[PDB]
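# Residue-level structural notes
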Amino acid sequence: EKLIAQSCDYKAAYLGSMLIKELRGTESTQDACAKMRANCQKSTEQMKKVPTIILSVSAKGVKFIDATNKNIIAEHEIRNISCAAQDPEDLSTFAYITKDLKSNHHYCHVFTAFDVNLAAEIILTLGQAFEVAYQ
């Protein structure tokens, strides 16, 4: 139940959970990311800095725990995740879509990593997990 090599645990930053009415694929994630990242700043530089959350992703499920208050935000099966995308120009920002059953909608959960490889790894780990769980 440790899955030291079967799961990855990183410190991400919870940017936002954007509610999507109709899921149009990566468009929704790209839209949320671009719109919000630009809304998060002005004529300023990369002021894209949000609260840290421990992004733990496993082939059996993904769990989001707060890094400050260790708040058990949510633990959802990887089978509940539908797709995982990232920002077209910012590979340090990842946004994945889930099937939020209690919402009857799809929330684009976008987090900003503190490292490109870190974010890219999460994307790959999510994709691989969903891919292997698909079959």
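Residues numbered from 1 in each chain as written, not as in the entry; some residues may be left out. Heavy atoms only, no water.

Listed as the method for this PDB entry is solution NMR.

As for its placement among the helices and strands, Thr29 is situated in helix α1 (residues 26-39). Excluding residues that lie within four positions of it along the chain, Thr29 makes contacts with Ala85, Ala95, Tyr96, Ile97 and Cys108. (Helix = DSSP H or I, 4+ residues; strand = E, 2+ residues; numbered from the N terminus. Contact = heavy atoms within 4.5 Å.)

Let's shift gears to α1. Between the first and last C-alpha of α1 there are 19 Å, a value that for 14 residues agrees with the 20 Å anticipated at 1.5 Å per step. What α1 keeps buried is the set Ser28, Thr29, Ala32, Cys33 and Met36. Projection of α1 onto a plane perpendicular to its axis shows the buried side chains occupying an angular sector of 125 degrees, all on one side. Facing away from the buried side of α1, by more than 90 degrees, are the exposed residues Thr26 and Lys35. (Expected span 1.5 Å × (residues − 1). Buried < 20%, exposed > 50% of the residue type's maximum accessible area, 1.4 Å probe, protein only. Arc of directions from axis to C-beta.)

A few words now on helix α2 (residues 116-134). Helix length check: α2 (19 residues) gives 26 Å between terminal C-alpha atoms against 27 Å at 1.5 Å per residue, within 8%. Among the residues making up α2, those that are buried are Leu118, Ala119, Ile122, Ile123, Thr125, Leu126 and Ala129. Along the axis of α2, the buried positions cluster into a sector of 160 degrees, meaning they face one direction only. Residues of α2 that are exposed and angled more than 90 degrees away from the buried face: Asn117, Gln128, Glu131, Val132 and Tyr134.

Attention now moves to the packing of aromatic side chains. Counting across every chain of the model gives 6 aromatic pairs. Ring geometry for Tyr14 against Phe111: centres 4.3 Å apart, planes inclined by 45 degrees, an arrangement best described as tilted. With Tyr14 in strand β1 (residues 7-20) and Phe111 in strand β7 (residues 106-113), this residue pair connects regions lying 97 residues apart in the sequence. Residue class for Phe111 comes out buried when judged on its relative accessible area of 0%. (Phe/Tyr/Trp six-rings, centres within 6.5 Å; stacked < 30°, edge-to-face > 60°.)

As paired strands, strand β3 (residues 61-66) and strand β4 (residues 72-76) are joined by 4 bridges and run antiparallel to one another. Looking across to β4, one finds that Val62 is bridged to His76. Between β3 and β4, which pair antiparallel in sequence order, lie 5 residues; one of them, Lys70, sits at a positive phi of approximately 50 degrees. (Pairing = 2+ DSSP bridges.)

Taken in spatial order, the 7 strands of this open sheet run β4-β3-β2-β1-β7-β6-β5, and their pairing is antiparallel. Edge positions in the sheet fall to β4 and β5 (81-86), since each of these pairs with one other strand and no more. Taken pair by pair, the neighbouring strands of this sheet meet at an average axis angle of 30 degrees, ignoring direction. (Axes fitted to C-alpha atoms, helices over the stretch in contact; angles between N-to-C directions.)

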